[PDB]
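Since every read-out is calculated from the coordinates, none of them should be taken as a lab result. For neighbour counting, all protein chains shown are included, and Cβ atoms are generated from backbone atoms with ideal geometry for every residue, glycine included.
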Amino acid sequence: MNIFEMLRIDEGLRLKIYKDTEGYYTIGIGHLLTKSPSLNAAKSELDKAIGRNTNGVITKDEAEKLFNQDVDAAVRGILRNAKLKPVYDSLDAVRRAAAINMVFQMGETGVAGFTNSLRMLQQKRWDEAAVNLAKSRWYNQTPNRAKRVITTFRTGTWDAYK
Ligand SMILES: [Ar]
Ligand SMILES: [Ar]
Ligand SMILES: [Ar]
Ligand SMILES: [Cl-]
Ligand SMILES: [Cl-]
């Protein structure tokens, strides 16, 4: 298992514009297109993203390409964030994939706000971090996914995904 297969499991794959768990227009493997309620706006950002008139539908390859760019951007965002980088650098490989997943889902900014959990992670206090991480809107809104990521930080193994 790896970051890609993990996020492919948490996100699914949809080839037509859809709304995500928050009601926002998305496509592919969790590629958010826009926070705007306008379908046209969403279709416009899609065409710009792909480089053609897609009419709201893309192929599997195009979806995978967007996903690769998104995973890459997520990692780079972590490495550029002064609050996240040190945490991430202290982690083992499995736990780093858990940190990437969160950032992918909620943004760098979002993640940078779990101050207390970040410090527990940095300190390798797994169980405590896990309890703190669950005290969040993130966990109350998407609890099955949050539990998989949390267990991943807790144990350092992929069992939640097997
Ligand atoms: Ar992190
Ligand atoms: Ar994180
Ligand atoms: Ar975190
Ligand atoms: Cl893009
Ligand atoms: Cl969920």
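Assorted remarks:
- Qualifying positions in region 29-65 - closer than 23 Å to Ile9 by Cα and either in contact with a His (Cβ under 7 Å, 6 or more places away or on another chain) or among the acidic types (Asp, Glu) (or both): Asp61, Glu62, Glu64
- Screening the candidates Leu84, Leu15 for the property of being aliphatic (A, V, I, L, M), away from ligand 5 (no atom under 16 Å from the Cβ) and touching a strand residue (DSSP E or B) at 6+ places or on another chain (Cβ under 9 Å) yields one hit, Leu15.
- Taking the numbered list (1) without any contact (Cβ under 8 Å) to a residue 40 or more places away in the chain; (2) within 19 Å of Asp89 (Cβ to Cβ) in turn, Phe153 passes all entries but (1).
- Candidate set: region 148-162, residues that are of a type in the set (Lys, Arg) and surrounded by 15 or more Cβ atoms within 10 Å (Cβ to Cβ); chosen: the one farthest from ligand 3 (Cβ to nearest atom): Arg148
- Residue within region 26-44 that is touching a helix residue (DSSP H, G or I) at 6+ places or on another chain (Cβ under 6 Å), of a type in the set (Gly, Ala, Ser) and crowded, with 19+ Cβ neighbours inside 10 Å present: yes
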